[PDB]
Amino acid sequence: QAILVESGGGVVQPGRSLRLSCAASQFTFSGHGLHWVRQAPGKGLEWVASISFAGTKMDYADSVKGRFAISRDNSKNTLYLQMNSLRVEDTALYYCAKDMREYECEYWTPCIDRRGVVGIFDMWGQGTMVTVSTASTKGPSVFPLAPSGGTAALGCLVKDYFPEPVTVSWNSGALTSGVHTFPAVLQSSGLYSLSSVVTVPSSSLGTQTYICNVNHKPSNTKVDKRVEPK
Amino acid sequence: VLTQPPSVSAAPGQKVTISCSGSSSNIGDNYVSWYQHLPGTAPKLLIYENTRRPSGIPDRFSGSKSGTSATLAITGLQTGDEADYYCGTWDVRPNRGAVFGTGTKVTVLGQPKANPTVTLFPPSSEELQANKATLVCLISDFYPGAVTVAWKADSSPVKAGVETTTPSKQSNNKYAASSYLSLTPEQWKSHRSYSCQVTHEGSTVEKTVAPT
């Protein structure tokens with residue numbers, strides 16, 4: 001029944017501010033408290049903030065204390081997260097979450113009922129990604145991974161690009177057998193790298209051409225690198 | 001801080017249990033929820049108030065609590081149960097928020113084990129010419145999708161400049177992974193040998209490379 005849709009995520013520099021929004025639908029928004037939770041790449045869930053149904057109680061994790069502010073607008077069934085003084089360590093996928101308990105305002109002058117949240121996250125959105133980095137937009141350098149029963153592996157290293165993602169094809173999409181493109185790794189340099197690999201008949205080498213087609217929209221680049229036996 | 005083991009595995013139809021152990025301040029007099037999370041989707045409430053389920057989550061899932069150590073249990077394991085599971089407690093009692101488990105990855109052994117094939121590429125001449133050096137270790141055709149990688153330079157363990165990806169499913173439903181070792185051209189040239197050692201299900205497969 002209930003639906004939550006986060007927006008406002010992107011790539012930003014440390015020290016700047018960014019506001020996230022969550023559009024709630026198909027339940028009585030004004031009657032429920034709400035939560036923000038984040039998951040940094042390849043890690044667990046980490047609670048960031050909560051707000052009670054009447055918006056009178058606000059709670060934050062000590063890691064975001066003083067920097068983040070949670071708010072709501074019942075008129076728009078929207079939950080907000082104002083993130084100021086952003087740090088690289090704030091990089092994560094941010095989820096909006098509804099709290100299970102429904103309340104009816106019991107104290108007025110508008111509602112300022114102080115009954116807090118129960119803390120059971122009964123509905124979650126798909127989340128919005130926030131990336132905080134000192135890096136600037138940069139297309140990849142593409143380096144060949146040369147080969148050398150009756151099979152050989154070859155690929156291309158797509159290195160030092162920012163931000164995600166890159167896409168990879170082989171021979172303009174005519175070669176799709178045995179191809180595997182790996183997830184990206186984040187180097188200490190703050191630039192991403194990944195690799196794509198294909199296994200091909202060792203017999204065809206020296207005659208058959210294999211081209212790695214790399215695309216990085218953020219920097220508006222298309223690279224077509226040849227990978228030969230050498 | 002709610003601590004869970006990193007992983008658990010079992011064949012289909014079998015039962016697994018995931019424990020969430022914590023202190024007496026967080027757990028002890030607070031209820032415990034459980035959340036399922038499939039990587040490409042929104043997290044999902046499985047259990048709340050220790051043992052209650054928000055249907056239609058099936059009774060194959062059950063929760064319990066032993067003073068200060070909650071336990072999720074999953075019977076009749078099926079493919080669709082493969083996900084990350086987290087416990088969580090709310091201790092705004094007062095002013096302290098929610099805490100989540102660490103948590104735990106559930107694997108369903110749905111095919112026989114396959115040993116990894118290891119391919120180690122040295123740095124390309126083109127890369128050295130760009131004043132960089134990267135060893136690329138590609139691992140393929142293994143199941144289950146879990147491995148650890150260890151790099152060595154002249155038989156000595158190397159941790160610096162190492163990056164590894166979490167195993168991803170190939171088109172043939174086995175897994176692949178990748179690991180990188182970043183060096184300078186001088187480093188690459190100043191050692192006689194480098195090796196990528198992949199451990200999968202207690203056994204190791206190793207490849208070595210050297211300048212020329």
# chains A, B, ... in the order shown; residues from 1 in each chain; ligands from 1

call {"tool": "select_by_dssp", "arguments": {"residues": "stretch 33-179 of chain B", "states": "alpha helix (DSSP H)", "output": "MDAnalysis selection string"}}
result
chainID B and resid 125:129

call {"tool": "residues_around", "arguments": {"residues": "residue A:23", "least_positions_apart": "6", "cutoff": "7 Å", "atoms": "only C-alpha atoms", "output": "ChimeraX atom specification"}}
result
/A:4-6,77-79

call {"tool": "closest_atom_pairs", "arguments": {"of": "chain A", "to": "chain B", "cutoff": "7 Å", "atoms": "only C-alpha atoms", "output": "CSV"}}
result
residue,atom,partner,partner_atom,distance
A:44,CA,B:102,CA,5.9
A:45,CA,B:100,CA,6.4
A:46,CA,B:100,CA,6.6
A:47,CA,B:98,CA,6.1
A:59,CA,B:97,CA,6.4
A:60,CA,B:97,CA,6.8
A:61,CA,B:97,CA,6.7
A:119,CA,B:90,CA,5.2
A:120,CA,B:33,CA,6.9
A:121,CA,B:45,CA,6.7
A:122,CA,B:45,CA,5.5
A:123,CA,B:44,CA,6.8
A:124,CA,B:42,CA,5.7
A:125,CA,B:42,CA,5.6
A:126,CA,B:42,CA,4.5
A:143,CA,B:127,CA,6.2
A:144,CA,B:124,CA,6.6
A:145,CA,B:121,CA,6.4
A:180,CA,B:170,CA,6.7
A:183,CA,B:165,CA,6.6
A:185,CA,B:165,CA,6.5

call {"tool": "write_last_selection", "arguments": {"atoms": "N, CA and C atoms", "output": "compact mmCIF listing (two decimals), in the first residue's frame"}}
result
# COMPACT_ATOMS: atom_id res chain seq x y z
N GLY A 44 26.99 -1.72 5.90
CA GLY A 44 25.70 -1.94 6.52
C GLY A 44 24.86 -0.68 6.64
N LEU A 45 23.65 -0.83 7.18
CA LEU A 45 22.74 0.29 7.38
C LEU A 45 23.17 1.10 8.60
N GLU A 46 23.04 2.42 8.50
CA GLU A 46 23.42 3.34 9.56
C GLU A 46 22.33 4.40 9.71
N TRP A 47 21.74 4.47 10.90
CA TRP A 47 20.63 5.39 11.15
C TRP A 47 21.14 6.83 11.25
N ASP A 59 15.63 13.58 16.29
CA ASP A 59 16.77 12.80 16.80
C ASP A 59 17.78 12.56 15.69
N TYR A 60 19.06 12.64 16.04
CA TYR A 60 20.14 12.47 15.07
C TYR A 60 21.25 11.58 15.61
N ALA A 61 21.96 10.92 14.71
CA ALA A 61 23.16 10.18 15.09
C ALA A 61 24.25 11.20 15.38
N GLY A 119 10.19 3.43 16.36
CA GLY A 119 11.48 3.04 15.82
C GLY A 119 11.49 1.75 15.03
N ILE A 120 10.34 1.41 14.46
CA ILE A 120 10.21 0.22 13.63
C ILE A 120 9.99 0.68 12.19
N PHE A 121 10.98 0.44 11.34
CA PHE A 121 10.96 0.93 9.96
C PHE A 121 10.12 0.04 9.05
N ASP A 122 8.81 0.28 8.97
CA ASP A 122 7.91 -0.69 8.32
C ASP A 122 7.77 -0.51 6.80
N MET A 123 8.24 0.61 6.27
CA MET A 123 8.25 0.81 4.82
C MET A 123 9.43 1.67 4.42
N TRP A 124 10.12 1.25 3.37
CA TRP A 124 11.34 1.90 2.92
C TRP A 124 11.22 2.27 1.45
N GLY A 125 11.91 3.34 1.06
CA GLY A 125 12.02 3.70 -0.34
C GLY A 125 13.24 3.02 -0.92
N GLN A 126 13.44 3.19 -2.22
CA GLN A 126 14.57 2.60 -2.94
C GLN A 126 15.86 3.37 -2.69
N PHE A 143 43.29 0.90 -20.85
CA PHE A 143 44.51 0.12 -21.12
C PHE A 143 44.16 -1.33 -21.42
N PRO A 144 44.81 -1.92 -22.44
CA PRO A 144 44.46 -3.27 -22.88
C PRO A 144 45.04 -4.35 -21.97
N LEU A 145 44.28 -5.42 -21.80
CA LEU A 145 44.72 -6.60 -21.07
C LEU A 145 44.88 -7.72 -22.08
N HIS A 180 32.25 -10.40 -19.40
CA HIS A 180 31.88 -10.02 -18.05
C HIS A 180 32.52 -8.70 -17.66
N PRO A 183 32.20 -4.84 -11.37
CA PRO A 183 31.87 -3.63 -10.63
C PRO A 183 33.09 -2.74 -10.47
N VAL A 185 35.88 -0.33 -8.53
CA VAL A 185 36.54 -0.12 -7.24
C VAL A 185 36.87 1.35 -7.07

call {"tool": "atom_distance", "arguments": {"atom1": "atom CA of residue A:211", "atom2": "atom CA of residue A:228"}}
result
8.9 Å

call {"tool": "select_by_dssp", "arguments": {"residues": "stretch 91-197 of chain B", "states": "strand (DSSP E or B)", "output": "PyMOL selection string"}}
result
chain B and resi 91-92+95-100+104-108+114+117-121+133-143+148-153+156-158+162-164+168-169+175-183+194-197

call {"tool": "atom_distance", "arguments": {"atom1": "atom CA of residue A:142", "atom2": "atom CA of residue A:41"}}
result
24.2 Å
